[PDB]
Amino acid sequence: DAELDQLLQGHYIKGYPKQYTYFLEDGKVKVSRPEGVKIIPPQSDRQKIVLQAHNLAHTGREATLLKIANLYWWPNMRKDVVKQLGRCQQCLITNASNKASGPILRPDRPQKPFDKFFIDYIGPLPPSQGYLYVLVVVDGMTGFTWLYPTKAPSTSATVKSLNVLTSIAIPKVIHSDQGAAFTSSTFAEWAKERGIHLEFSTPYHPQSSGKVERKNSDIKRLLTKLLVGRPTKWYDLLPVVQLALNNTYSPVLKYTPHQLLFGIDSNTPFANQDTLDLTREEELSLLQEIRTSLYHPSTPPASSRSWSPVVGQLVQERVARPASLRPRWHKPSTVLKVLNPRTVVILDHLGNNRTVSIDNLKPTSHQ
């Protein structure tokens, strides 16, 4: 009333342009704008009007404004609309993001064999000799892969298999996702006994185990081809697939995983004989030069509308296994620490500290 009273008699108020005539009609302040005659509500009524318009279909900025503009006009309407969108909890946790994650990191290839293993399970598969799963262990530097059939993706089957594997050599680090077999205290106990550091992916992000996940594709693809026109008896083929892939050339590297691990082919078909006249020490010297000079990709260009996390920013974690007709995002949380451009620590919706990938985060809209 007070601000709108001076407007009717003709005085100037900031925000309201002078060139329009503000009059009273049916007990309401109005104005004759080019679109039509609109009502100017008082300051105290505007938050309620924006909320009523928004809640019709929980619309975003422009769709909400177009409703309000049918009846009303006031200075800086979209500012009051955006104010309410940032306070609507239902919209924040249900709506999708329209900002992509920043470009992926390509972490350095481990320097030596047995510096970092990547392990993961494939399955369930069609039963073969009572076995349903495959433990895949990929050496990060060489790509050399070990396959073990198991009846379940369990800690006991993982320990059994890795005890046989570690007969040849102990690794510094074992990377895995947060599956039940790898997160158990029995597995952490097994790793600490042997001086192995357990490294874990951010949750719900198989890209982080991408070295072994990509090897799973080749394992399944070769198994599929060998089983064409046959029953899926894959248990007997795992030794064949393991040997075949370990001796398969990577076109970009010009080397097989076997060659990167041993520096010399074994008695397999089409074995390389280029280092036949060198001694083993001369051969191992050439291997150390080959290992350091391998091709390594770089971070790709960011997409035109990406976001990168900043300390203190309001962000929302993606709900892992969201139920039907339930929100896809958690409530807003704060970025405590930025571990790298793709990984952050957040103050979780429960209260905990949680390390997450930005692929499972959106920046909270409207600040």
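Residue positions are given as counts along the sequence shown, with the first one as 1.
**OP:** Would you determine, from the values in the PDB entry, which of 248-256 and 282-290 has the greater average C-alpha temperature factor?
**Re:** Taking the mean B-factor of the alpha carbons in each, 282-290 is higher.
**OP:** Can you let me know which of the two, 185-193 or 109-117, has the higher average C-alpha B-factor in the entry?
**Re:** Result: 185-193.
Original post:
When you compare the CA B-factors of 69, 63, 56, 320 as listed in the entry, which one comes out on top?
Top reply: Among 69, 63, 56, 320, the highest C-alpha B-factor in the entry belongs to 320.
Original post:
Say you rank 167, 94, 176, 207 by Cα B-factor from the PDB entry; which sits at the top?
Top reply: Highest C-alpha B-factor among the listed residues goes to 167.
Subject >> Modelled-residue ranking by C-alpha temperature factor, third containing residue 276 >> reply: As the PDB entry reports it, the C-alpha B-factor of residue 276 lands in the highest third of its chain.
**OP:** State the tercile, meaning the lowest, middle or highest third, of residue 49 with respect to the CA B-factors recorded for its chain.
**Re:** Middle third.
**OP:** Looking at the entry's B-factor column for C-alpha atoms only, identify whether residue 353 ranks in the lowest, middle or highest third of its chain.
**Re:** Ranked within chain, residue 353 CA B lands in the highest tercile.
Original post:
Lowest, middle or highest third of the chain for the C-alpha temperature factor of residue 305?
Top reply: Answer is middle: the recorded C-alpha B-factor places it there.
**OP:** Check where residue 342 lands among this chain's C-alpha B-factors and tell me if it's the lowest, middle or highest third.
**Re:** Tercile = middle for this residue's CA B-factor.
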